[PDB]
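With PDB, C-alpha atoms and all ligand atoms inside, this is data.pdb:
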```pdb
MODEL        1
ATOM      1  CA  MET A   1     112.879 111.866  81.598
ATOM      2  CA  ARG A   2     111.636 109.756  84.386
ATOM      3  CA  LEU A   3     111.259 106.217  85.643
ATOM      4  CA  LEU A   4     107.587 105.321  85.027
ATOM      5  CA  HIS A   5     107.039 101.728  86.183
ATOM      6  CA  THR A   6     108.423  98.235  86.560
ATOM      7  CA  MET A   7     106.443  95.422  84.911
ATOM      8  CA  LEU A   8     106.036  91.998  86.513
ATOM      9  CA  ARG A   9     104.101  89.037  85.091
ATOM     10  CA  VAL A  10     101.773  87.454  87.606
ATOM     11  CA  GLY A  11      99.910  84.165  87.800
ATOM     12  CA  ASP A  12      96.671  85.669  89.096
ATOM     13  CA  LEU A  13      95.726  89.281  88.521
ATOM     14  CA  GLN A  14      93.261  89.824  91.295
ATOM     15  CA  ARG A  15      95.384  87.973  93.827
ATOM     16  CA  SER A  16      98.274  90.333  93.038
ATOM     17  CA  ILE A  17      96.085  93.425  93.124
ATOM     18  CA  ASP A  18      94.703  92.315  96.453
ATOM     19  CA  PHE A  19      98.242  91.901  97.764
ATOM     20  CA  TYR A  20      99.687  95.228  96.604
ATOM     21  CA  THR A  21      96.625  97.194  97.714
ATOM     22  CA  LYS A  22      95.223  95.478 100.802
ATOM     23  CA  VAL A  23      98.523  94.276 102.187
ATOM     24  CA  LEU A  24     101.087  96.831 100.964
ATOM     25  CA  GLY A  25      98.887  99.933 101.036
ATOM     26  CA  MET A  26      98.904 100.693  97.348
ATOM     27  CA  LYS A  27      95.987 101.838  95.249
ATOM     28  CA  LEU A  28      94.688 100.381  92.022
ATOM     29  CA  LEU A  29      95.375 103.117  89.536
ATOM     30  CA  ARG A  30      93.915 101.573  86.463
ATOM     31  CA  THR A  31      93.322  98.270  84.774
ATOM     32  CA  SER A  32      92.907  97.074  81.258
ATOM     33  CA  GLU A  33      92.302  94.087  79.080
ATOM     34  CA  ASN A  34      93.539  93.069  75.686
ATOM     35  CA  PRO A  35      91.226  90.604  74.071
ATOM     36  CA  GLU A  36      93.254  90.355  70.900
ATOM     37  CA  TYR A  37      96.367  89.244  72.708
ATOM     38  CA  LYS A  38      94.661  87.674  75.677
ATOM     39  CA  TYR A  39      96.152  89.507  78.619
ATOM     40  CA  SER A  40      95.048  91.853  81.393
ATOM     41  CA  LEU A  41      96.990  94.607  83.139
ATOM     42  CA  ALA A  42      96.820  96.396  86.396
ATOM     43  CA  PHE A  43      98.807  99.397  87.552
ATOM     44  CA  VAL A  44      99.357  99.764  91.274
ATOM     45  CA  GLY A  45     101.187 102.529  93.126
ATOM     46  CA  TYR A  46     101.304 104.932  96.008
ATOM     47  CA  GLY A  47     100.562 108.015  93.965
ATOM     48  CA  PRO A  48      99.580 109.175  90.467
ATOM     49  CA  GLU A  49     101.533 107.861  87.507
ATOM     50  CA  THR A  50     102.186 111.437  86.371
ATOM     51  CA  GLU A  51     104.204 112.038  89.492
ATOM     52  CA  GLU A  52     105.749 108.732  90.453
ATOM     53  CA  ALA A  53     107.003 105.274  89.523
ATOM     54  CA  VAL A  54     104.504 102.492  89.935
ATOM     55  CA  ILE A  55     104.049  98.757  89.337
ATOM     56  CA  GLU A  56     102.532  97.262  86.174
ATOM     57  CA  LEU A  57     101.133  93.776  86.706
ATOM     58  CA  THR A  58     100.522  91.613  83.683
ATOM     59  CA  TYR A  59      98.267  88.590  83.554
ATOM     60  CA  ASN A  60      98.327  86.389  80.453
ATOM     61  CA  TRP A  61      95.043  84.471  80.246
ATOM     62  CA  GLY A  62      95.585  80.849  81.144
ATOM     63  CA  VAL A  63      99.147  81.356  82.384
ATOM     64  CA  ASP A  64      99.622  80.938  86.108
ATOM     65  CA  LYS A  65     103.337  80.373  86.410
ATOM     66  CA  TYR A  66     106.631  81.709  85.062
ATOM     67  CA  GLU A  67     110.340  80.998  85.428
ATOM     68  CA  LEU A  68     111.726  83.612  87.814
ATOM     69  CA  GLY A  69     115.295  83.388  86.581
ATOM     70  CA  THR A  70     118.317  84.604  88.498
ATOM     71  CA  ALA A  71     118.724  88.041  86.940
ATOM     72  CA  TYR A  72     115.818  90.053  88.401
ATOM     73  CA  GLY A  73     116.445  91.134  91.981
ATOM     74  CA  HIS A  74     113.598  92.883  93.700
ATOM     75  CA  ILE A  75     111.693  96.066  94.275
ATOM     76  CA  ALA A  76     112.267  98.134  97.382
ATOM     77  CA  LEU A  77     109.414 100.063  98.944
ATOM     78  CA  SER A  78     109.476 102.525 101.827
ATOM     79  CA  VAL A  79     107.427 101.169 104.736
ATOM     80  CA  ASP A  80     105.574 103.071 107.499
ATOM     81  CA  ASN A  81     105.987 100.281 110.028
ATOM     82  CA  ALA A  82     108.229  97.378 108.991
ATOM     83  CA  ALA A  83     107.356  95.108 111.863
ATOM     84  CA  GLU A  84     103.649  95.561 111.334
ATOM     85  CA  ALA A  85     103.936  95.126 107.575
ATOM     86  CA  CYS A  86     105.679  91.817 108.109
ATOM     87  CA  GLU A  87     102.793  90.735 110.287
ATOM     88  CA  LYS A  88     100.207  91.788 107.795
ATOM     89  CA  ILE A  89     102.205  90.006 105.110
ATOM     90  CA  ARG A  90     102.590  86.873 107.171
ATOM     91  CA  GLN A  91      98.855  86.652 107.658
ATOM     92  CA  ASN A  92      97.935  87.848 104.221
ATOM     93  CA  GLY A  93      99.370  85.444 101.660
ATOM     94  CA  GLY A  94     103.047  86.427 101.745
ATOM     95  CA  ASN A  95     106.257  85.026 103.157
ATOM     96  CA  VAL A  96     108.680  86.908 105.347
ATOM     97  CA  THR A  97     112.203  86.067 104.222
ATOM     98  CA  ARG A  98     113.991  88.510 106.511
ATOM     99  CA  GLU A  99     112.263  89.640 109.682
ATOM    100  CA  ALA A 100     112.122  93.364 110.331
ATOM    101  CA  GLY A 101     115.234  94.723 111.987
ATOM    102  CA  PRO A 102     118.153  97.079 111.662
ATOM    103  CA  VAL A 103     120.131  96.439 108.537
ATOM    104  CA  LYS A 104     123.619  94.993 108.870
ATOM    105  CA  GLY A 105     126.053  97.620 110.046
ATOM    106  CA  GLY A 106     123.217 100.146 110.418
ATOM    107  CA  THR A 107     120.132 101.293 112.280
ATOM    108  CA  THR A 108     117.607 101.526 109.466
ATOM    109  CA  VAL A 109     114.994  98.887 109.915
ATOM    110  CA  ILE A 110     114.528  96.695 106.898
ATOM    111  CA  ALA A 111     112.820  93.496 105.923
ATOM    112  CA  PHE A 112     112.424  91.173 102.978
ATOM    113  CA  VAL A 113     109.238  89.480 101.868
ATOM    114  CA  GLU A 114     107.741  87.647  98.958
ATOM    115  CA  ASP A 115     104.613  88.522  97.044
ATOM    116  CA  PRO A 116     102.114  85.854  95.994
ATOM    117  CA  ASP A 117     104.114  84.947  92.872
ATOM    118  CA  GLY A 118     107.380  84.711  94.807
ATOM    119  CA  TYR A 119     108.754  88.103  93.729
ATOM    120  CA  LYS A 120     111.150  89.515  96.293
ATOM    121  CA  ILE A 121     110.190  92.768  98.012
ATOM    122  CA  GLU A 122     112.545  94.857 100.108
ATOM    123  CA  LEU A 123     110.832  96.961 102.852
ATOM    124  CA  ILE A 124     112.663 100.004 104.166
ATOM    125  CA  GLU A 125     111.382 101.882 107.126
ATOM    126  CA  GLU A 126     112.579 105.339 106.124
ATOM    127  CA  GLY A 134     113.755 120.484  99.937
ATOM    128  CA  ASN A 135     111.704 119.944 103.092
TER     129      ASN A 135
ATOM    130  CA  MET B   1     105.049 105.191 101.208
ATOM    131  CA  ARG B   2     106.839 105.085  97.894
ATOM    132  CA  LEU B   3     108.636 102.946  95.338
ATOM    133  CA  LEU B   4     112.360 103.322  96.089
ATOM    134  CA  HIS B   5     114.096 101.246  93.427
ATOM    135  CA  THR B   6     114.143  98.165  91.241
ATOM    136  CA  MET B   7     117.219  95.985  91.675
ATOM    137  CA  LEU B   8     118.735  94.152  88.725
ATOM    138  CA  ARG B   9     121.843  91.943  88.704
ATOM    139  CA  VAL B  10     124.233  92.826  85.886
ATOM    140  CA  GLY B  11     127.206  90.990  84.419
ATOM    141  CA  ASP B  12     129.487  94.038  84.269
ATOM    142  CA  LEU B  13     128.979  96.999  86.597
ATOM    143  CA  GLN B  14     130.730  99.703  84.604
ATOM    144  CA  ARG B  15     129.156  98.477  81.403
ATOM    145  CA  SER B  16     125.753  98.955  82.925
ATOM    146  CA  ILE B  17     126.694 102.176  84.554
ATOM    147  CA  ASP B  18     127.841 103.513  81.199
ATOM    148  CA  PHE B  19     124.600 102.505  79.520
ATOM    149  CA  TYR B  20     122.227 103.964  82.054
ATOM    150  CA  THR B  21     124.129 107.249  82.379
ATOM    151  CA  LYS B  22     125.715 107.964  79.006
ATOM    152  CA  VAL B  23     123.008 106.417  76.865
ATOM    153  CA  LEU B  24     119.850 106.889  78.932
ATOM    154  CA  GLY B  25     120.828 110.192  80.558
ATOM    155  CA  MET B  26     120.629 108.986  84.154
ATOM    156  CA  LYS B  27     123.131 110.058  86.786
ATOM    157  CA  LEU B  28     125.256 107.811  88.973
ATOM    158  CA  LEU B  29     123.768 108.525  92.362
ATOM    159  CA  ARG B  30     125.944 106.390  94.541
ATOM    160  CA  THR B  31     128.022 103.280  94.779
ATOM    161  CA  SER B  32     129.066 100.780  97.380
ATOM    162  CA  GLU B  33     131.025  97.561  97.895
ATOM    163  CA  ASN B  34     130.566  94.724 100.365
ATOM    164  CA  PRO B  35     133.481  92.385 100.920
ATOM    165  CA  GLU B  36     131.615  89.974 103.135
ATOM    166  CA  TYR B  37     128.937  89.168 100.634
ATOM    167  CA  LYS B  38     131.135  89.959  97.660
ATOM    168  CA  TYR B  39     129.129  92.435  95.629
ATOM    169  CA  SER B  40     129.242  96.044  94.433
ATOM    170  CA  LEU B  41     126.294  98.314  93.814
ATOM    171  CA  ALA B  42     125.487 101.275  91.619
ATOM    172  CA  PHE B  43     122.350 103.387  91.964
ATOM    173  CA  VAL B  44     121.347 105.236  88.869
ATOM    174  CA  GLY B  45     118.346 107.479  88.415
ATOM    175  CA  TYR B  46     116.876 110.646  86.990
ATOM    176  CA  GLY B  47     116.605 112.251  90.388
ATOM    177  CA  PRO B  48     117.977 111.724  93.897
ATOM    178  CA  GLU B  49     116.837 108.653  95.830
ATOM    179  CA  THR B  50     114.875 110.880  98.187
ATOM    180  CA  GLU B  51     112.841 112.226  95.331
ATOM    181  CA  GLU B  52     112.409 109.427  92.922
ATOM    182  CA  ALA B  53     112.510 105.760  92.223
ATOM    183  CA  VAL B  54     115.821 104.552  90.830
ATOM    184  CA  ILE B  55     117.624 101.483  89.637
ATOM    185  CA  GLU B  56     119.952  99.454  91.812
ATOM    186  CA  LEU B  57     122.510  97.685  89.675
ATOM    187  CA  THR B  58     124.025  94.748  91.460
ATOM    188  CA  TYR B  59     127.343  93.192  90.529
ATOM    189  CA  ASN B  60     128.321  89.949  92.259
ATOM    190  CA  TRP B  61     132.075  89.595  92.084
ATOM    191  CA  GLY B  62     133.134  87.197  89.323
ATOM    192  CA  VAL B  63     129.545  86.675  88.143
ATOM    193  CA  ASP B  64     129.120  87.805  84.575
ATOM    194  CA  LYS B  65     125.959  85.977  83.550
ATOM    195  CA  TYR B  66     122.437  85.303  84.815
ATOM    196  CA  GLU B  67     119.244  83.680  83.587
ATOM    197  CA  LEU B  68     116.731  86.390  82.638
ATOM    198  CA  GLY B  69     113.760  84.007  82.949
ATOM    199  CA  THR B  70     110.213  84.678  81.773
ATOM    200  CA  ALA B  71     108.646  86.363  84.836
ATOM    201  CA  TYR B  72     110.271  89.780  84.995
ATOM    202  CA  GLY B  73     108.909  92.123  82.376
ATOM    203  CA  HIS B  74     110.656  95.480  82.113
ATOM    204  CA  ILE B  75     111.199  99.020  83.316
ATOM    205  CA  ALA B  76     109.485 101.899  81.444
ATOM    206  CA  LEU B  77     111.077 105.279  80.981
ATOM    207  CA  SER B  78     109.828 108.472  79.446
ATOM    208  CA  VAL B  79     111.771 109.988  76.608
ATOM    209  CA  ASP B  80     111.606 113.233  74.693
ATOM    210  CA  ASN B  81     112.142 111.461  71.381
ATOM    211  CA  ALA B  82     111.808 107.695  71.124
ATOM    212  CA  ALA B  83     113.318 107.504  67.638
ATOM    213  CA  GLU B  84     116.445 109.353  68.631
ATOM    214  CA  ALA B  85     116.844 107.304  71.804
ATOM    215  CA  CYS B  86     116.447 104.075  69.838
ATOM    216  CA  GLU B  87     119.238 104.989  67.507
ATOM    217  CA  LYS B  88     121.538 106.071  70.322
ATOM    218  CA  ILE B  89     120.807 102.839  72.184
ATOM    219  CA  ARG B  90     121.319 100.538  69.218
ATOM    220  CA  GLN B  91     124.747 102.122  68.650
ATOM    221  CA  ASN B  92     125.830 102.080  72.267
ATOM    222  CA  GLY B  93     125.648  98.552  73.760
ATOM    223  CA  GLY B  94     121.895  98.112  73.473
ATOM    224  CA  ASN B  95     119.448  96.495  71.096
ATOM    225  CA  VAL B  96     116.133  97.675  69.616
ATOM    226  CA  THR B  97     113.428  95.013  69.743
ATOM    227  CA  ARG B  98     110.404  97.184  68.945
ATOM    228  CA  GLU B  99     110.957 100.173  66.645
ATOM    229  CA  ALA B 100     109.550 103.497  67.791
ATOM    230  CA  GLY B 101     105.953 103.989  66.726
ATOM    231  CA  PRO B 102     102.397 104.508  67.840
ATOM    232  CA  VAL B 103     100.628 101.919  69.861
ATOM    233  CA  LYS B 104      97.984  99.943  68.000
ATOM    234  CA  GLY B 105      94.718 101.817  68.238
ATOM    235  CA  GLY B 106      96.620 104.703  69.818
ATOM    236  CA  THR B 107      98.796 107.751  69.199
ATOM    237  CA  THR B 108     101.228 107.347  72.058
ATOM    238  CA  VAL B 109     104.743 106.638  70.771
ATOM    239  CA  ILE B 110     106.670 103.746  72.283
ATOM    240  CA  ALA B 111     109.624 101.480  71.669
ATOM    241  CA  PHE B 112     111.189  98.492  73.332
ATOM    242  CA  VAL B 113     114.881  98.038  73.725
ATOM    243  CA  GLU B 114     117.291  95.834  75.638
ATOM    244  CA  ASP B 115     120.172  96.883  77.843
ATOM    245  CA  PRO B 116     123.666  95.337  77.759
ATOM    246  CA  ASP B 117     122.479  92.410  79.899
ATOM    247  CA  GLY B 118     119.346  91.808  77.844
ATOM    248  CA  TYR B 119     116.954  93.527  80.195
ATOM    249  CA  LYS B 120     113.904  94.897  78.427
ATOM    250  CA  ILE B 121     113.237  98.616  78.553
ATOM    251  CA  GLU B 122     110.043 100.311  77.391
ATOM    252  CA  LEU B 123     110.450 103.845  76.085
ATOM    253  CA  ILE B 124     107.315 105.996  76.253
ATOM    254  CA  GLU B 125     107.325 109.302  74.403
ATOM    255  CA  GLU B 126     106.021 112.322  76.258
ATOM    256  CA  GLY B 134     103.746 120.670  63.382
ATOM    257  CA  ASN B 135     106.706 118.693  62.075
TER     258      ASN B 135
HETATM  259 ZN    ZN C   1     117.501  96.999  96.962
HETATM  260 ZN    ZN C   2     105.171  98.763  80.725
ENDMDL
END
```

Output the file's structure as C-alpha cells, nothing else.
Amino acid sequence: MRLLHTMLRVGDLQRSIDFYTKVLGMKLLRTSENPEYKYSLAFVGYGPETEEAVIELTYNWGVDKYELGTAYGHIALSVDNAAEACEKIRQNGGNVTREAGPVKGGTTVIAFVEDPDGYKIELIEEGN
Amino acid sequence: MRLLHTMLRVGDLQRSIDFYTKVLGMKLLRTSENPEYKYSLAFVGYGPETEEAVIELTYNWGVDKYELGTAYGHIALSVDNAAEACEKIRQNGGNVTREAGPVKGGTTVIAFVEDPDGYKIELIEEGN
C-alpha cells in the first residue's frame, strides 16, 4: 500500500498548473476532462505516479471559489533553495506567509506560502 | 524535490492514530508535542519520511472539531483489496461513501470512505 495523491479543488485549472510547474518545479503528469460531470483534472508531481505521491487538481466548470474550512492544514514539499523559492513565489502569483529561515528551535530552513487558491504550502529545505 | 506530507487537523489524536495504523495498515512514524503553541503531532505513513510522503495529524489541545469546508478533496491510497478494506473501515470508526467497484467506463476498482473526522479517502485497487 502506498500514499498516491492529495486532491485539492481549484478555481482555475491552468493557473494552478502554471503555479505548481513553473513556480514550484513540478511537472504536469497528465490531465483529463469529464464532460458528463463537467470537471477537469490535472496531476502534478516531482516524479512518476507509480513511484511517488503527487497532487491532483480538480476544476469544476464554472466554479472559481470554495470554502477552505478550518480542518485541512497544508502540504509540505522539500525545497532546493527556500529563499529563492520564496522570491519566485512572491513574484509569481503567490504569497509568502513565513519568510525562509531556520525553524523554531532548529536549523532547518523552512517557509510557508500560499498557492493561487490560498492553499497553504510548507517548504522545507532538506539506504544511501 | 518531493512531496513530504499532507497535514490534517483531527479532533482526537489517538482516535486518528488508531484508524490510520490499525485500520489502514500505516505505521506511527513519530510524534511530538509543543507546549508553546499547544498542539501534538503524529506522523503516519507506509514508509519512513525519508522515503515517502506521509500524513501529519495535528491535534490542537482542547480542539475536538473543525469545519471540513468544500475546497479540500481527499487523499488516495492503494489497497490490495478495496472490498475488504471497505468492510474493515466501516466497522472500525470509518464510513463508506462509495462502495468498491469499477470506475465508469473503466476496470480500475475504487471506493471512497471517510475517516473518523470525516476526511474523504479514495481507495484505489492495485481467475476468481
Ligand atoms: Zn507540516
Ligand atoms: Zn483522487

| message | What are the residues of chain A lining chain B at 6 Å or less? Count all atoms listed in the file, and put the answer as a PyMOL selection string. | response | chain A and resi 1-9+46+66-79

| task | List the neighbours of residue 39 in chain A out to 10 Å using all atoms listed in the file; skip same-chain residues closer than 3 positions along the sequence, and give me the result as a VMD selection string. | result | chain A and resid 13 32 to 36 58 to 63

| request: Find the residues around range 99-106 of chain A up to 6 Å (only C-alpha atoms counted), leave out those fewer than 4 positions away in its own chain, and share them as a PyMOL selection string. | output: chain A and resi 82-83+110-111

| In Å, with one decimal, what is the gap from CA of residue 88 in chain B to CA of residue 23 in chain B? | 6.7 Å

| request: Could you please determine the separation between CA of residue 48 in chain A and CA of residue 20 in chain A in Å, to one decimal place? | output: 15.2 Å

| note | Once chain A is optimally superposed onto chain B by least squares, the C-alpha atoms paired in order differ by an RMSD of 3.2 Å

Answer key for the PyMOL selection byres (((chain A and resi 89) around 9) and not hetatm), residues as a PDB file with C-alpha atoms, keeping the file's coordinate frame:
```
ATOM      1  CA  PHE A  19      98.242  91.901  97.764  1.00  0.00           C
ATOM      2  CA  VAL A  23      98.523  94.276 102.187  1.00  0.00           C
ATOM      3  CA  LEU A  24     101.087  96.831 100.964  1.00  0.00           C
ATOM      4  CA  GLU A  84     103.649  95.561 111.334  1.00  0.00           C
ATOM      5  CA  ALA A  85     103.936  95.126 107.575  1.00  0.00           C
ATOM      6  CA  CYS A  86     105.679  91.817 108.109  1.00  0.00           C
ATOM      7  CA  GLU A  87     102.793  90.735 110.287  1.00  0.00           C
ATOM      8  CA  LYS A  88     100.207  91.788 107.795  1.00  0.00           C
ATOM      9  CA  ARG A  90     102.590  86.873 107.171  1.00  0.00           C
ATOM     10  CA  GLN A  91      98.855  86.652 107.658  1.00  0.00           C
ATOM     11  CA  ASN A  92      97.935  87.848 104.221  1.00  0.00           C
ATOM     12  CA  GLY A  93      99.370  85.444 101.660  1.00  0.00           C
ATOM     13  CA  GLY A  94     103.047  86.427 101.745  1.00  0.00           C
ATOM     14  CA  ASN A  95     106.257  85.026 103.157  1.00  0.00           C
ATOM     15  CA  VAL A  96     108.680  86.908 105.347  1.00  0.00           C
ATOM     16  CA  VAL A 113     109.238  89.480 101.868  1.00  0.00           C
ATOM     17  CA  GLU A 114     107.741  87.647  98.958  1.00  0.00           C
ATOM     18  CA  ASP A 115     104.613  88.522  97.044  1.00  0.00           C
TER      19      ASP A 115
END
```

| said: Quick check, in Å to one decimal: how far apart do atom ZN of ligand ZN 2 (chain C) and CA of residue 30 in chain B lie? | reply: 26.1 Å

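Proximity ranking of A:12, A:49, A:18, A:27 relative to ligand ZN 2 (chain C) places A:49 first, based on all atoms listed in the file.
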